[PDB]
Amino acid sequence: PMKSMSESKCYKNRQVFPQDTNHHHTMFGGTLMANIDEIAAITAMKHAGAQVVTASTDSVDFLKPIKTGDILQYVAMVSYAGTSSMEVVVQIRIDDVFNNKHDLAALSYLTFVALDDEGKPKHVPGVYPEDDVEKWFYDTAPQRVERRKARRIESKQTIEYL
């Protein structure tokens, strides 16, 4: 059983406030991160139809500065479905309502595991793309996943050492 990438796609529009920025009037990367995780977890929950935990934040690329009073659009979707886990891709776009432009300011990939009521890993549906963008993320997912798996081994060695 399969769900589309659109089915669980979640949106979030926010305006960037003074309490969201640093001393440079530039948005705190940590605030951006917290929003990213919030939206992504909702997307993962919707796709799995279950509670989720964040296993890892695989990367956040901060591509463009985000200023006070900028309007952000966050798009989260499942880009990959393993057995009990999913990759969620979050796009952060600066949304300019004055010239109707949308610039890509941040890109993030996270990994969530679905759980049952007892906290055991839960099977999830597979996922499929419908448009060219979803397809891009879906098609590039398999290399990211194999990297995540290799990086898990490095973290394991690190933990074993400490």
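Throughout, we count residues from 1 along the sequence that is shown.
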Averaged over C-alpha atoms, is the B-factor higher for 64-72 or for 126-134 in this PDB entry?
64-72
Decide which of the stretches 109-117 and 22-30 has the higher mean C-alpha B-factor, going by the entry.
22-30
Of the residues 55, 97, 39, 45, the one carrying the largest Cα B-factor as recorded:
97
Looking at the entry's B-factor column for C-alpha atoms only, identify whether residue 8 ranks in the lowest, middle or highest third of its chain.
lowest
